[PDB]
Amino acid sequence: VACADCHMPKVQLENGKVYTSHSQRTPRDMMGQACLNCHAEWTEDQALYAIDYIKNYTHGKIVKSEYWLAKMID
Amino acid sequence: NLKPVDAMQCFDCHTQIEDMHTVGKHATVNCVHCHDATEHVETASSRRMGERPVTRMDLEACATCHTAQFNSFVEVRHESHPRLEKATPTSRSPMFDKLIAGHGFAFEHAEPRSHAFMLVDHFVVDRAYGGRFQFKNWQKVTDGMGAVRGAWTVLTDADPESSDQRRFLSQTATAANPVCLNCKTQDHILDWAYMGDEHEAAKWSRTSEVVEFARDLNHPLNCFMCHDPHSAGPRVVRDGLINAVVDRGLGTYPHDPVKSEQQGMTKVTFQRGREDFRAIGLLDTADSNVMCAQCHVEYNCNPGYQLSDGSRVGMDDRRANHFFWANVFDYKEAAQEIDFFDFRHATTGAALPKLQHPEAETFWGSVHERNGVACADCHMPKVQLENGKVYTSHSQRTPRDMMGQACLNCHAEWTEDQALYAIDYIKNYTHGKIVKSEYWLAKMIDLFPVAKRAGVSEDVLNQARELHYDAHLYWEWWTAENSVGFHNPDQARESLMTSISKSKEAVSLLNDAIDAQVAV
Amino acid sequence: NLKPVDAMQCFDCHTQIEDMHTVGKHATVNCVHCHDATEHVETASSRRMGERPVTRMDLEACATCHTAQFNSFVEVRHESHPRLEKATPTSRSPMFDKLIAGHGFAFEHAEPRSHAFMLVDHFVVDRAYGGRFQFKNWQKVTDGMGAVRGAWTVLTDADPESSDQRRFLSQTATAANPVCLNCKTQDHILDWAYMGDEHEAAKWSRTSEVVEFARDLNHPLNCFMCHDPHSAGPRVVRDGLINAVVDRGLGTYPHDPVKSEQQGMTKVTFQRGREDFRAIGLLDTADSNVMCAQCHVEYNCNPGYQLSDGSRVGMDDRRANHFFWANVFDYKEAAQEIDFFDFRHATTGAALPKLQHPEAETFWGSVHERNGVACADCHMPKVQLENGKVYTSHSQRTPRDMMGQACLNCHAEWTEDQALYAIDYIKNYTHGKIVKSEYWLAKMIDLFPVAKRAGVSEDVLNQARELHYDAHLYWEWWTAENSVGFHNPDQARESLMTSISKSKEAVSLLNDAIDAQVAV
Amino acid sequence: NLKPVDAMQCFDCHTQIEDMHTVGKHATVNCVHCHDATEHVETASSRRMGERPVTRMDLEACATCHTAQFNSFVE
Ligand code: HEC
Ligand code: HEC
Ligand code: HEC
Ligand code: HEC
Ligand code: HEC
Ligand code: HEC
Ligand code: HEC
Ligand code: HEC
Ligand code: HEC
Ligand code: HEC
Ligand code: HEC
Ligand code: HEC
Ligand code: HEC
Ligand code: HEC
Ligand SMILES: O=N[O-]
Ligand SMILES: O=N[O-]
Ligand SMILES: O=N[O-]
Ligand SMILES: O=N[O-]
Ligand SMILES: [Ca+2]
Ligand SMILES: [Ca+2]
Ligand SMILES: [Ca+2]
Ligand SMILES: [Ca+2]
């Protein structure tokens, strides 16, 4: 998988000539083309929930890392 | 990968193309994008073609550099109901079968849908080819991109081994003829002489076997119908329109000589063996009123009969390819001018015209037309973007889908709901008058068998048939025209009231004559 | 609180029940859930019933352990318009009154609504019981759960003191008879002999007073119509269907002997006093095509007449309970096979069939049926859950309400709007042909009084009446069938074109005969 | 309106560009779309630039034939 697969995927059209989106942005704005095409077992809400589990856990550890760096700095 | 050819070598022979190509916005666009001419260049002389070069007519020839316009063009409007028969109580003409009896449209006449389907819809409608052509299966009806790629990628022919027009199912007709195709495709633009006259250099003409012609055609509404591929400038290619505006000197706006001069057309003719062969009309301005009038007009594209003596007018006659270029109040005179009518009514026996989608001629003289508004302002407006390069939408559809760009930009005093309400007021009032006109037409029609059987004289029946012509014209214009009066509401009202007057006159004539026979 | 009974004690006598119950998925489900048999066990012998045990027929007997299926079943689809008369310009058959004149359906024929209401709707429709039964007030029309709980909890009888069929309001009819109820309820499943024949052990039969029968019945579409309560295995209980498939040897798929063998039915008969009494058909597979064909078929369930001699066929005749089990192109032959027609047209005098909702026979041979698709795939699909135990939806309704589960799972190439557009293309085209068929039928019908009064011969009128039979059949199949052609679009098109051909033939015959009389 | 230049004449001194341009999917795209080289061609030799030709770096140089990619990018 490459950055473009999640951040600038091919446009999906009912009728028309396919082209590559060049709006580089979060996959949350185009989940059908950026995630759900590969993760057929998921609804959009399930895929968003998987992202958020990672980000919530990571951000918690970032906050705890800063707490300890700050205690040391002080 | 495409390799450019030396255009200067072509221009040595093709001076008309040189004059157009080197000056316009396609001066950098190499011939190889649309032509494969290698063997042609090896064998042509200054006056003889030699091997014929290949010319791409597919819309994807333009989609490479103009993807936005192509993609907008091929969109399917699913809200535009498909295959929806007009002769039903819930559509445009509840009494159409009674009123049109005797004409091929009685076999099927559906509402229009998105432009991508025009050629396939022409091929599969029950009134056209006897049911010969069908979609490969009922799922293909959704495939707009597929139809654009080519009619024959989505259709089947019930009998590839014969080319005669015949019925394959009992309730079909074989009304199609080569003239119809001019408003569905221009794939034949190099194989068809001006007006479809017989011509040594034309493979196809008005008198061709239409089934064989059909099989050679693939793409709907080619991009180059409105845009010259060499200069990229605005134009029309439809012979019937050029003939009305230029040959007959009527102008682009027959009611307005000044506008006709400012927004005119220049006929350019191309030759084969130094004889005139085909023509285009370059427009002074990018005037969509005239571009859309290549097809959205009342026309003849069929055999019929002479008003003077009743005799047959066949496909071989020039009248079989004709733009009347007349509003509803000038139409009867325009049909007398060429001595022509379309069919005899199956019940009344009256000589009758058949009217078709006269949007261009209806729009003339309307408040919007008089203020310089054109079809594209309401039906294919500029796209509005927060950040972006503006381009013109090519999805021709009702303005209800883009009211901010199609109406509300000029009507700052209205909300969207107010604008919709104004449209619906006109369409509701107009439709009520269309229904009343049909009621009175049907009442008259129903009296003809009663009058005949009661022994009413030919002289009285003939007087009623003359009234039927006018009653029919002043009604059918409005079921044929697609705006349900919006394009010209005062004209629709005046015309439909005239239809009703004529029918009432005929009903009174027939009732009195029947009563007198009974009294004797 | 329920206390279990000793099933082994029942099984001592009930060996058929033992063989079914001990092997299936209800082997742990005690008899007390559905039967109160204490006094029965005290008094029965191996061959005499003794005191009759109580058997629960209410759907809540299953809702205790299968709440999801019950709750899905009783949902009311409010978008399915209630009490919507089909004989109007905006519904299925704009000219129904003219075309059906002479038949009870002219008094009222509404579109179907949700299954919860089937028994109450049968009781209150104007054509059934002379207006005898009504909802207790106009608010109860919304109460799906109430109707399921029991028809008599939501309806009133205008005269509890009489049991004759008679008119209570002027524009009603008394078409109901005991056979109708077999497709509304199976509360009478232990009180009705196979086919509704007279039988010592049956309280009710084809010849019962229908008002008295009506009063004994409460629940719509009982869960055990498709599910054997003892084995929990798939089955049908409807005698007319078992008679077609098994007794007449026609098979579950008459056009496909192989599929009929793989997806077959086994007739199981239950006796009373060692004589055959009632029967069920156990299915080889859980095949909804055959389950839904208990009701969604063309049938006779009424008196009529013989085609051979015109004589009356009454409720006492087996033909008054009959599944033709024939597609539209085999129907005329199936009606000749039993020598039967339904009514004489009030205007033309023609012997005519009456067709009813033939979804099962229309579906045969369609692209979906040939690919192994069944009614439940589109009308009662598996529920899709992010997290949960999957079960089958029992809300039988249009697939428009669950397109992801009913269409788009098999048609991965389409969006929802594309799929809807494909359905609408078929329904629009089919409806236009239904309207044209009615136009031509009405034109013919209107000529009969003119021809009679002009002195046209019986021989010509009789020829026209024979054409009227076919014109009627090939049209009415499609106003009766609920998919507006979707279930078999090629068949609908061929049949409706045949209807139009037959009417046109009749119109021409009658016009020529009237004209000849006038000329003399 | 753009007027095409003689690309072959450029290639007499620009073999490295020739080998890329003649072979890829822009073989038909004339140099005038992105370069203004009139005075350069008048003054150059294969060994002396002469007047420096102008090269367009604006994204609109691509947006004329690739509007969909450009419009999606600038959102
Ligand atoms: C899908 C499997 C991904 C691939 C491959 C890449 N990224 Fe990604 N990225 C992804 C997610 C789910 C998120 C979080 C977005 C959210 O809304 O929560 C991101 C985030 C970014 C961001 C920040 C975007 C924002 O939140 O606005 C950037 C700048 C980004 N990613 C860049 C990026 C690059 C350069 C990649 C290839 C090396 C790349 N991503 C891969 C999902 C996916
Ligand atoms: C890297 C960050 C990019 C920039 C800056 C631009 N584009 Fe692009 N483009 C990019 C990728 C990863 C792809 C898809 C390649 C693949 O095959 O998967 C593209 C594709 C194109 C195409 C081809 C047609 C299509 O797939 O849409 C064109 C014509 C194209 N890109 C044009 C384009 C223009 C005009 C840009 C400036 C606005 C632009 N690209 C920037 C990556 C990158
Ligand atoms: C003189 C020797 C010629 C050269 C060099 C080229 N063409 Fe030509 N062409 C020539 C003639 C005499 C004709 C018949 C029409 C006429 O003007 O008398 C043509 C025709 C074409 C056509 C129309 C083909 C058709 O199907 O009708 C096309 C598209 C065409 N020519 C293109 C073309 C191109 C692209 C050339 C350079 C590669 C070219 N021609 C060279 C005479 C001569
Ligand atoms: C790329 C190689 C092109 C192909 C193939 C086609 N066209 Fe084109 N077109 C091209 C350019 C670079 C331009 C000029 C852009 C600018 O604004 O400077 C154009 C312009 C047009 C126009 C506008 C003309 C005008 O405003 O005067 C139209 C209507 C147009 N092009 C249409 C068109 C059609 C119908 C094509 C297929 C036959 C087509 N073009 C091919 C680049 C390319
Ligand atoms: C002949 C080649 C045509 C030209 C030029 C234009 N139109 Fe057209 N239009 C045409 C046909 C044959 C059809 C019916 C297609 C079918 O398969 O049924 C149409 C349809 C329309 C519609 C209805 C679209 C819908 O959603 O139902 C509109 C609004 C329309 N046409 C407008 C229109 C405009 C504004 C034009 C000039 C820009 C134009 N058309 C040109 C045939 C042709
Ligand atoms: C241009 C002057 C036309 C000629 C010649 C033909 N048609 Fe046409 N057609 C035209 C327009 C602008 C439209 C859309 C507007 C409308 O009112 O329909 C159409 C539409 C069709 C359709 C779709 C709708 C329908 O009537 O079912 C079909 C099937 C169709 N046209 C067929 C047809 C045939 C068989 C023709 C020759 C007899 C014919 N068309 C000529 C424009 C023009
Ligand atoms: C007549 C019915 C048309 C057909 C067929 C095509 N286009 Fe068009 N185009 C049309 C109009 C009325 C306009 C606007 C002109 C104005 O100045 O108001 C356009 C414009 C273009 C342009 C210019 C850039 C823009 O405004 O979008 C291009 C590049 C263009 N059109 C391309 C195009 C292509 C590729 C077509 C086939 C899919 C196409 N046009 C058909 C009218 C008509
Ligand atoms: C705005 C001032 C308009 C101009 C200029 C033109 N038309 Fe129009 N049209 C307009 C409205 C408000 C409607 C009714 C649409 C609705 O949704 O109620 C129409 C209708 C059409 C149609 C049928 C469209 C449909 O309902 O699907 C066609 C085919 C059409 N108009 C064509 C047309 C042409 C060719 C014009 C220039 C001659 C034209 N219209 C001008 C609004 C406006
Ligand atoms: C032999 C002494 C019996 C025992 C013990 C039970 N039943 Fe019975 N039952 C018996 C007979 C002879 C009949 C008539 C039908 C027949 O098979 O010959 C029946 C009938 C029933 C019925 C049908 C009642 C109806 O309304 O038609 C039911 C539901 C039934 N029996 C249930 C039943 C149960 C639950 C028992 C155990 C508690 C049981 N029976 C015992 C003979 C005998
Ligand atoms: C609880 C005491 C039950 C009552 C009352 C009813 N059923 Fe039942 N059913 C029950 C169980 C425990 C099971 C097996 C669950 C499993 O999957 O193992 C069932 C099964 C069914 C089935 C599925 C049969 C099959 O797949 O072969 C059906 C169709 C079914 N049950 C229907 C049903 C009906 C119609 C009832 C009322 C007459 C009914 N059940 C009562 C538990 C209980
Ligand atoms: C006889 C006992 C029936 C069986 C078995 C099935 N259906 Fe039915 N259905 C029946 C009636 C009498 C009615 C009309 C009820 C009323 O009060 O009007 C219906 C209705 C339907 C509908 C329409 C529902 C709506 O929303 O309008 C559908 C889609 C339907 N039926 C489908 C259906 C299927 C798929 C069946 C097998 C699973 C089935 N029905 C069985 C009578 C009976
Ligand atoms: C099964 C073979 C049936 C017999 C016998 C009867 N009906 Fe029926 N009915 C049946 C189905 C599958 C449906 C729904 C489909 C449809 O097209 O309606 C119905 C519907 C009704 C309705 C509601 C709709 C209506 O026509 O108003 C009523 C009032 C109704 N049925 C009454 C009725 C009477 C009076 C019958 C005996 C003469 C009768 N039905 C028989 C299935 C079957
Ligand atoms: C025929 C018209 C049916 C009626 C009446 C009832 N159900 Fe049903 N049921 C039906 C089908 C076609 C299926 C699916 C079988 C398959 O394998 O595809 C079902 C399934 C069940 C099940 C099994 C679990 C599940 O799939 O949901 C149960 C427990 C069940 N049905 C119960 C049930 C009840 C309680 C009913 C009355 C409300 C009921 N069914 C009616 C067909 C029919
Ligand atoms: C999907 C491939 C289907 C199968 C298999 C069956 N039916 Fe169907 N039905 C289908 C569609 C797309 C429609 C039209 C629904 C719409 O909203 O337009 C229908 C319609 C019905 C109806 C009327 C439903 C309504 O509009 O309320 C009934 C009563 C019905 N179908 C019954 C039915 C039966 C009994 C089937 C098996 C024999 C059956 N259908 C198969 C789609 C599908
Ligand atoms: O009808 N012959 O083309
Ligand atoms: O049917 N086209 O006017
Ligand atoms: O009509 N008597 O049941
Ligand atoms: O009215 N029921 O077929
Ligand atoms: Ca339309
Ligand atoms: Ca005409
Ligand atoms: Ca319904
Ligand atoms: Ca019947």
Side-chain angles (χ1 to χ4, degrees), chain B residues 103 105 179 297-302 304 319-320 322-324 326 331 334-335 340-343 352-358 473 476-477 480, chain C residues 77 79-81 84 86 92 104-105 108-115 118 121-122 125 127-128 175-176 179-184 287-302 354-364 366-381 396-403 406-407 410-411 419-420 422-424 426-428 430-431 480-489:
Chain B
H103 195 274
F105 271 47
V179 183
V297 290
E298 155 50 14
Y299 69 98
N300 285 333
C301 51
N302 43 273
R319 287 170 289 181
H322 182 75
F323 278 28
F324 297 89
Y331 181 86
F340 183 92
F341 72 94
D342 287 86
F343 71 112
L352 293 183
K354 179 68 191 81
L355 286 309
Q356 282 104 341
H357 42 61
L473 166 60
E476 214 209 355
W477 195 270
Chain C
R77 181 174 189 272
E79 295 74 18
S80 286
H81 307 301
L84 188 50
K86 286 169 67 169
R92 297 290 324 279
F105 271 47
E108 179 170 19
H109 175 33
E111 298 188 12
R113 63 169 177 161
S114 297
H115 279 152
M118 66 178 59
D121 286 355
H122 165 78
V125 72
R127 65 177 188 269
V179 183
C180 304
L181 282 306
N182 286 278
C183 285
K184 305 297 180 256
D287 181 2
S288 62
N289 289 335
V290 179
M291 296 169 174
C292 305
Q294 299 181 85
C295 303
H296 287 267
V297 290
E298 155 50 14
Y299 69 98
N300 285 333
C301 51
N302 43 273
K354 179 68 191 81
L355 286 309
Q356 282 104 341
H357 42 61
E359 283 85 44
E361 305 98 315
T362 299
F363 189 54
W364 289 338
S366 66
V367 177
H368 286 107
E369 186 273 321
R370 292 290 73 209
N371 285 315
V373 182
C375 322
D377 297 323
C378 296
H379 296 290
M380 54 167 297
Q396 292 87 18
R397 59 174 68 200
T398 171
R400 297 189 197 246
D401 286 11
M402 62 285 194
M403 290 292 287
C407 300
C410 302
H411 290 274
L420 294 169
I423 300 163
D424 287 319
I426 293 159
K427 298 185 80 189
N428 290 343
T430 302
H431 182 75
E481 211 268 357
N482 282 284
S483 77
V484 202
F486 184 86
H487 291 156
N488 202 335

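Order of listing sets the numbers, starting from 1, for every ligand and every atom in it. Computed from heavy atoms alone, side chains included, the values below leave out hydrogens, waters and symmetry copies. Every chain is numbered from 1 and lettered A, B, ... according to where its sequence line falls, protein lines coming before strand lines.
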Does any part of the side chain of [Y], heavy atoms only, come nearer than 4.5 Å to the side chain of [X], both counted from C-beta?
| X | Y | value |
| --- | --- | --- |
| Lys354(B) | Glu476(B) | yes |
| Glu359(C) | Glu481(C) | yes |
| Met402(C) | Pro381(C) | yes |
| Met380(C) | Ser288(C) | no |
| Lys86(C) | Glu111(C) | yes |
| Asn300(B) | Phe324(B) | yes |

With atoms numbered from 1 as shown, which atoms in ligand 14 lie under 4.0 angstrom from a non-hydrogen atom of [X]?
| X | result |
| --- | --- |
| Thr398(C) | 15 (C), 16 (C), 17 (O) |
| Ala374(C) | 5 (C) |
| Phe363(C) | 5 (C) |
| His368(C) | 2 (C) |
| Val373(C) | 5 (C) |
| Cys292(C) | 35 (C) |
| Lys427(C) | 16 (C), 18 (O) |
| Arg400(C) | 16 (C), 17 (O), 18 (O) |

For a distance under 3.0 Å, tell me if [X] has an N/O/S atom near the Ca ion (ligand 20).
| X | value |
| --- | --- |
| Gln356(B) | yes |
| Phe324(B) | no |
| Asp342(B) | no |

Using a heavy-atom cut-off of under 4.0 Å, does the side chain or the backbone of [X] touch ligand 14, or both, or neither?
| X | answer |
| --- | --- |
| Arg397(C) | neither |
| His357(C) | neither |
| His379(C) | side chain |

Among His296(C), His487(C), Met291(C), which one puts a heavy atom closest to atom 33 (C) of ligand 14?
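Result: the heavy atom closest to atom 33 (C) of ligand 14 is in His487(C).
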Option with minimal heavy-atom separation from atom 38 (C) of ligand 14, where the choices are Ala419(C), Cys410(C), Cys375(C)
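The residue whose heavy atom sits nearest atom 38 (C) of ligand 14 is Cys375(C).
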Less than 3.5 Å between some nitrogen or oxygen of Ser80(C) and one of ligand 14, yes or no?
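For ligand 14, there is no N or O atom that lies under 3.5 Å from one belonging to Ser80(C).
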Any N or O of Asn482(C) that comes nearer than 3.5 Å to an N or O of ligand 14?
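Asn482(C) vs ligand 14: no N/O contact under 3.5 Å.
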Side chain to side chain contact (heavy atoms under 4.5 Å, CB included) evaluation trace for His103(B) with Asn302(B):
CA-CA 12 Å; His103(B) 195 274; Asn302(B) 43 273; over 6 Å; no
Donor-acceptor contact below 3.5 Å, side chain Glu298(C) vs main chain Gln356(C)
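Such a contact is found between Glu298(C) side chain and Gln356(C) backbone.
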Is the backbone of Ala480(C) close enough, under 3.5 Å, to the side chain of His357(C) for a donor and an acceptor to pair up by distance?
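Answer holds: no.
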Does the protein put any heavy atom within less than 4.0 Å of atom 19 (C) of ligand 14?
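Answer yes: something from the protein, a heavy atom, is under 4.0 Å.
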Verify side chain to side chain contact (heavy atoms under 4.5 Å, CB included) between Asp377(C) and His368(C), making sure each step is shown before the conclusion.
CA-CA 10 Å; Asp377(C) 297 323; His368(C) 286 107; over 6 Å; no
Please list the nearest protein heavy atom to atom 11 (C) of ligand 14 with its residue and the distance rounded to 0.1 Å.
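It is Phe486(C) CD2, 3.6 Å.
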For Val484(C) and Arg92(C), run side chain to side chain contact (heavy atoms under 4.5 Å, CB included): C-alpha distance rounded to whole Å, both residues' side-chain angles, the deciding distance at 0.1 Å, then the answer.
CA-CA 8 Å; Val484(C) 202; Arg92(C) 297 290 324 279; 3.7 Å; yes
Does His81(C) have more than 12 heavy atoms from other residues, nucleotides or ligands lying within 6.0 Å of its NE2?
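Atom NE2 in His81(C) is not crowded, with 12 or fewer foreign heavy atoms closer than 6.0 Å.
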Metal site atom 8 (Fe) of ligand 14: N/O/S of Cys378(C) inside 2.8 Å:
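Looking at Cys378(C), which is the residue asked about, there is no N, O or S atom under 2.8 Å from atom 8 (Fe) of ligand 14.
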Check if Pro399(C) has a non-hydrogen atom at a distance under 4.0 Å from any atom of ligand 14.
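Yes, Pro399(C) has heavy atoms under 4.0 Å from ligand 14.
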